[PDB]
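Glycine also receives a Cβ, built like all others from the backbone with ideal geometry; neighbour counts cover every protein chain displayed. Each answer follows from the model by the rule given with it, or from the source it names; nothing here is a laboratory result.
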Amino acid sequence: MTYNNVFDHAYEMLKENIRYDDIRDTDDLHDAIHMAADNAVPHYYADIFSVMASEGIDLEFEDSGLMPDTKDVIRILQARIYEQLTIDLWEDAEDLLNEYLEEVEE
Amino acid sequence: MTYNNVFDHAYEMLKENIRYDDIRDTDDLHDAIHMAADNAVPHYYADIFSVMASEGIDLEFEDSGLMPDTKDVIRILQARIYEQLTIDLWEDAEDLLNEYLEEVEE
Amino acid sequence: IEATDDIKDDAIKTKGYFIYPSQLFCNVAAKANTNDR
Amino acid sequence: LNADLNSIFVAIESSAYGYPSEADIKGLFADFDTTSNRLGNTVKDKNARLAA
Amino acid sequence: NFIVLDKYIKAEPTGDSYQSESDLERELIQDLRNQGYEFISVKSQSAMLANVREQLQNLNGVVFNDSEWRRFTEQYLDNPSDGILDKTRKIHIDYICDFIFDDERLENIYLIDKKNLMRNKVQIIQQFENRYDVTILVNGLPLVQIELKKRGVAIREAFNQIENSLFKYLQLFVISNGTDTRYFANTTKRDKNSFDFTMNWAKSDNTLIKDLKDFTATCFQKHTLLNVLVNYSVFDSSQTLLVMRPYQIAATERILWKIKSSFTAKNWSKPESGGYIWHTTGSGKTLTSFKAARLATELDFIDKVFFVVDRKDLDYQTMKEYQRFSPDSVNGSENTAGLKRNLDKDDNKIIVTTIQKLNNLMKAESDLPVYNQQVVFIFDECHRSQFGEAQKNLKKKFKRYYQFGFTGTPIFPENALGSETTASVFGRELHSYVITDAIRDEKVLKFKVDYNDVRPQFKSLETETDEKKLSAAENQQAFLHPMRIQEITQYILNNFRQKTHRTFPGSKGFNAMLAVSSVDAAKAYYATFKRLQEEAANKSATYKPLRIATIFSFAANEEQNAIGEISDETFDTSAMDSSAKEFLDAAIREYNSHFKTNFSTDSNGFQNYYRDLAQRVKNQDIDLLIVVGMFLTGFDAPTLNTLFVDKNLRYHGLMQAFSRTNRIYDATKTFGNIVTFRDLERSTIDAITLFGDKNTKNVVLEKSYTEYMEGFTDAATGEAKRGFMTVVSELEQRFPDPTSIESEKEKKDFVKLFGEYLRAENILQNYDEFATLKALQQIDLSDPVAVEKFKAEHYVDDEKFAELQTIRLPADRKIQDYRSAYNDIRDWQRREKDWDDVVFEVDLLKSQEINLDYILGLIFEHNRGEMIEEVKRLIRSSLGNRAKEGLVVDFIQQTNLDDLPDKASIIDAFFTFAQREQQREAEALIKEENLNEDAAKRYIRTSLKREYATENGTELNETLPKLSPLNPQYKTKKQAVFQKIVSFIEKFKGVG
Amino acid sequence: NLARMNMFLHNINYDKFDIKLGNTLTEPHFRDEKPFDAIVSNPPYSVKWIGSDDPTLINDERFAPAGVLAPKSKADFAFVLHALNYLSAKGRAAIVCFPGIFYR
């Protein structure tokens, strides 16, 4: 139950979205990133803790505003997972600007 | 790296304190509970997450005031571990009101 | 052992000599069973 | 079978799960009881644990 | 039926010659075929595997195909990575494989049928294909490996003479030569710790069995070999296979036979049912009780096995019993509901408990469910402080038990004081292992009891047998007369360095004890030492004094037992009076004043003082220790060979008192000097009477002085020894005296004689009369000042004085001559390498060293060039100083005695001259071979700090000049330079 | 193994430069050689060992000047009691510990 399992799910789902929607505008591509992102995060307690004990993702932040100012701890953890996945989907967007859209020409 | 490993450490340390201090007043017994409690909690990231993915302890609360109103997540998790261990040391105090102090009479 | 002519060695070991690096280094493998080989 | 407390050996019950899951007549809903296994580290520890 | 035999008919060949290894091998194979071991012939690994397959199919009743047998071989039996420890664990733990047949069922492939040993099948092979070896297969698996040796080869060197897959399964290596026989346990170690552990098989009365015939007839019985190899060998965790010594296996099978043959009679809980083992103290008693209890559990009808001790050992054996996990013998505290939970916590029914916890169990509870089961108690350390009433409670509140006890302190009807004997409590002496056997086993050493008969004034009092008057004569007259104390103390200060082998300054030596009776005596003793060391310092100021301390607390508490033991001494410093506490504090202040510590006289400072005092004796800091009661049971040191006694040591408190000396150290220490000052020889004979026959004192103690002087025939081993004066006569009358030895037979016979001389001399040095006879060689004659001081030291009337003047020792310069000749033989036959026949004596010649101090003393005191010859042979008398011959000669062939003002300055003058020539010779060794200069300088100074050199540590080869790592090189100038530098570092070993 | 090659890769020579396998507390060696000139350490957190003592090493060769001996879960201060043993008067010891000592 690594971080990379969740990232593989997000990578596959983003490939599904770009492959089946043919999105070639980067802002709509990042809207599809927002589509895939929460649709790839886990939901169980032990799964989220086993992802948070894994590599890649860190407890530290990129934006503290994504934290809801509330006492809902796994909401904050899932927001942190969301944040690390949005960064890794910036990297995946840099991959898929040149991965799939180039072959589809017929 | 269960919750019960940490509880066994706390149980052993509380036995050490009561056995070597001969505390027979319950308020000082609970001060020794506060002594053993933070002295038994783990410190590493992956250890705390593996305890939080285990049984017994739950993400839900007994007192939300133990949460520090801050963005330090594993401080909040370690406070939750502290809280569940204080409850389980109420139970351990009920055990050790009659476990060891009765035999020591010479 | 080059300390000088041939990179590629061979089974020319002359094992009376072989105890001298076994005292000197004590990792005395071969001349034809190294990672280059 | 539980009158044989700490009786060497284990595999009697593995025989005692062999035949009652045979019962091939008719319309089985068997092929069933094959989750009880062997681990365990040593066979005496396996015997003691299954007796427990 | 037993396996440690009582009665054995000693068999014998004819022969059928008893010399060659072919003979031993053929006769051994024939005898094993006669005992029912099948002989086969196997030429491959695969045929071994096929035999294993056939035997396992015969035993287990299963049938394989090649698929199942290949899977079982590759999966369980012969996994390639698994080393020796894995196979040994498979024999002792994982000896069953769960196996899935191809018709979809699971069975249990055994290897060793550990509950019915007769069903196993044994085979024998030899190797293929130098050595002559006999391997014994158990169900096709090789376990036992017998090796055979040349009969001239001593066994201590014969040990040092050390595909495939199945030969990783080996357990017992039996080594033999036809005469001696030892057996290892799974290829542990080498010569450095060789025969610490290599046992010998024996009969039940500890008499060793050594030759191969009786060892084959007794150890290699199928029942006995399988039963020893499986049921009596602990694979502890880890790197440890422990095979029990045969006196242990004796006691274990006596225990189980007595249980198993009492249960048939149904005769529990009565004093004829139990019994007792009596071991010596400190022989490895934990493993015996462990295996006895563990096999006591695995009888079916036996329910509970208790394993009781005295305070406060419980956590220690709770570890040691758990060294083979896991017997579940847990008792942290007596939670009485938790204790009866442990009584009901089933299936692993060995329980470690104190006598106090069981005591309070019988006190508090009275109607427990366990009190009608089958219960077996095993006790240990049964000194009578915590034992009496609990036996009465156990006889009351129990119904079915067998009680066994181990002990070191038995009680006999010979003893007294209103107590009750062991046999009337425990029963039969089941099996016992006394100090006489350990003497015969060469595990401890012999005694030497001496009565110092020197004071006619008090001879009546020190020889009185009335114990009522022994108690009644405690005053300042009968034992604490001041001249009594002074003459005893003067004897101690005059013969301390003689008894403890400190007659030479460069020697190592040992250190002693001093046991007294009372504290009020001991204060006077320590004050007497304090006065007389000052008086001895006020005579010459060259006398090296001695470091002396003391310890004593409290008390002769109760009577508590029979005759007659050391009182169990506690640690309450507040329990004494003011006077002894004051004296003890003053002694501790004088102690701290030299050792820079802060031990106090509370409980904790006194405890730490004791815990340090037991450390400083062990490394020769303190040379004499005044003692009332402590250090007489628990203390153990290899360099304490001398016990001075002024005490009424009786029956087997006496044995513990004497046993604190004779632990083995090397070839130098031979036995233990007990020097007494009261009548104790009759007490000694009456104490050793408790063991056995009157051959015992011929084995235990020592032969007399005259018997080592003259020669004898031993009634203990049938030898015919030559004594001393015969050897002295053989010195002169067999040699071109002294330095005319040239042929090979001359050299070999001289070594063979003079080693015997050195050995006999070292035995003699402990004596009194040989000390007097060496003292007679150094006297002035006449000078009746010197003769009167001589007779004052040694207490000799003039008839005996002239008689000692009659007996002639050889000249001391002749001793120098033969010692130098022996050393020259040793150094000439160290190079290359017929000579490798007789071991030279080293450790004796390792002693009597002169570390240049007595050399410089003779150089200073000599007045008046002419002395340059003398040191030239004095330096040939000490090995390891041959290189400094030329050094000291060139020190006195350059400077004069007028250059040094006195004795204390010429020392540092010599060191200065040595370093000044050292620098030049170092520069010469660098210049001569054109080395790497600073590198070789670092190498030389590192080798001087390390006091030798080696080819290891390549920085030497970094001092090779330009080009020599290469294979086409001589590498011979390298060895030449190596000889140069080892010559140099021997030339300056110890100066810098 | 990786430590023994770690100091092997950095051109350290053959003879002296070793690690012994085993627990430092239960089986120390060398005792004899020597009271050192410099020890450094980094004992890991929570390295517990059953006491106190499970053997008879309450009266051992080195922990006697401590008075009491360290329990299971607080084994870190065992190391410092080991530390002053193997150290000369010239020597100094640079060890690390958990901060949370009030008096424990």
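Here are the numbers for this structure:
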quantity	calculated
Residue match in region E:776-786 (condition: surrounded by 15 or more Cβ atoms within 10 Å (Cβ to Cβ), closer than 18 Å to E:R808 by Cα and not charged (D, E, K, R))	yes
Verdict on E:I763 being closer than 29 Å to E:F496 by Cβ and surrounded by 15 or more Cβ atoms within 10 Å (Cβ to Cβ)	yes
Those helices (runs of 4 or more DSSP H) lying entirely in region E:788-886 with at least 1 residues more than 21 Å from E:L764 (Cβ to Cβ)	E:798-806, E:812-828, E:853-861, E:868-874
Subset tally (residues that are within 22 Å of E:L24 (Cβ to Cβ) and not in a strand (DSSP E or B)) for region E:172-193	5
Hey, E:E929 more than 14 Å from chain F (Cβ to nearest Cβ), in a helix (DSSP H, G or I) and surrounded by 12 or more Cβ atoms within 10 Å (Cβ to Cβ) or not	no
Subset of region E:553-599 (residues that are in a loop (DSSP other than H, G, I, E, B) and hydroxyl-bearing (S, T, Y))	E:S553, E:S567, E:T597
Candidate set from chain D (those that are in a helix (DSSP H, G or I) and in contact with a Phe, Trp or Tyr (Cβ under 8 Å, 6 or more places away or on another chain)); member that is farthest from the other protein chains (Cβ to nearest Cβ)	D:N47
Checking E:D346 against (1) within 12 Å of another protein chain (Cβ to nearest Cβ); (2) among the charged types (D, E, K, R); (3) in contact with a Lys or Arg (Cβ under 9 Å, 6 or more places away or on another chain), the condition it does not meet	(3)
Top-ranked residue in region A:91-106 [being closer than 21 Å to A:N4 by Cβ and assigned to a loop (DSSP other than H, G, I, E, B); ranked as farthest from the other protein chains (Cβ to nearest Cβ)]	A:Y100
Selected residue [crowded, with 17+ Cβ neighbours inside 10 Å and among the acidic types (D, E)] from E:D103, E:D98	E:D98
Listing of helices (runs of 4 or more DSSP H) fully contained in region E:255-372 that carry 2 or more residues being surrounded by fewer than 15 Cβ atoms within 10 Å (Cβ to Cβ)	E:336-344, E:355-364
Every residue from region C:10-24 that is loosely packed, with under 14 Cβ neighbours inside 10 Å and either in contact with an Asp or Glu (Cβ under 8 Å, 6 or more places away or on another chain) or at the interface with another protein chain (Cβ under 9 Å from one of its Cβ atoms) (or both)	C:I12, C:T14
Residue among B:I18, B:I33 that alone is in a helix (DSSP H, G or I) and under 13 Å from B:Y82 (Cα atoms)	B:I33
Answer residue from region F:4-62, given it is outside any loop (DSSP other than H, G, I, E, B) and either touching a strand residue (DSSP E or B) at 6+ places or on another chain (Cβ under 9 Å) or not hydrophobic (A, V, I, L, M, F, W, C) (or both) and is nearest to the other protein chains (Cβ to nearest Cβ) among those	F:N59
Options E:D934, E:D908: the member that is in a helix (DSSP H, G or I) and within 30 Å of C:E2 (Cβ to Cβ)	E:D934
Subset of region B:50-61 (residues that are more than 30 Å from F:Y103 (Cβ to Cβ) and either facing chain A (nearest Cβ under 7 Å) or not aromatic (F, W, Y) (or both))	B:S50, B:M52, B:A53, B:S54, B:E55, B:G56, B:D58, B:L59, B:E60
Members of region E:520-552 that are crowded, with 16+ Cβ neighbours inside 10 Å, assigned to a loop (DSSP other than H, G, I, E, B) and not aliphatic (A, V, I, L, M)	E:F552
Out of E:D568, E:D577, sole residue that is over 28 Å from E:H652 (Cα atoms) and either away from chain F (no Cβ under 14 Å) or surrounded by fewer than 18 Cβ atoms within 10 Å (Cβ to Cβ) (or both)	E:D577
Qualifying residue in region E:959-978 (condition: of a type in the set (S, T, N, Q), closer than 27 Å to E:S878 by Cα and in a loop (DSSP other than H, G, I, E, B))	no
Matching entry among B:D47, B:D21, B:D28, B:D69 (being within 24 Å of A:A46 (Cα to Cα) and more than 8 Å from every other protein chain (Cβ to nearest Cβ))	B:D47
Which numbered condition F:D32 fails, given (1) loosely packed, with under 14 Cβ neighbours inside 10 Å; (2) within 12 Å of the chain's Cα centre (by Cα)	(2)
The one condition in (1) within 14 Å of another protein chain (Cβ to nearest Cβ); (2) assigned to a helix (DSSP H, G or I) that A:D88 fails to fulfil	(1)
Selected residue (only one of E:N51, E:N34, E:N58, E:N1 is in the same structural domain as E:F167 (by CATH), under 25 Å from E:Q145 (Cβ atoms) and of a type outside the set (S, T, Y))	E:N34
Some residue of region E:356-376 being aromatic (F, W, Y), closer than 25 Å to E:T252 by Cα and in the same structural domain as E:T286 (by CATH)	no
Members of region E:639-689 found to be under 20 Å from E:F510 (Cα atoms) and small (G, A, S), listed by number	E:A657, E:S659, E:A667, E:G672
Residue tally, condition hydroxyl-bearing (S, T, Y), within 14 Å of chain F (Cβ to nearest Cβ) and exposed (fewer than 12 other Cβ atoms within 10 Å of the Cβ), over region E:932-980	1
Unmet requirement for B:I76, which otherwise passes all of (1) surrounded by 14 or more Cβ atoms within 10 Å (Cβ to Cβ); (2) within 14 Å of chain A (Cβ to nearest Cβ); (3) assigned to a loop (DSSP other than H, G, I, E, B)	(3)
Selection count where residues are of a type in the set (F, W, Y) and either exposed (fewer than 15 other Cβ atoms within 10 Å of the Cβ) or in contact with a helix residue (DSSP H, G or I) (Cβ under 6 Å, 6 or more places away or on another chain) (or both), scope region E:580-594	1
Residues being in contact with a helix residue (DSSP H, G or I) (Cβ under 7 Å, 6 or more places away or on another chain) and β-branched (V, I, T) - total across region E:528-577	6
Enumeration of residues in region E:146-189 that are closer than 16 Å to E:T88 by Cα, small (G, A, S) and under 27 Å from the mean Cα position of the chain (by Cα)	E:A185
Cβ-Cβ under 6 Å pairs, at least 6 apart or on other chains, region E:679-702 side assigned to a loop (DSSP other than H, G, I, E, B), far side hydrophobic (A, V, I, L, M, F, W, C)	E:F691/E:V434; E:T696/E:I688; E:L701/E:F447
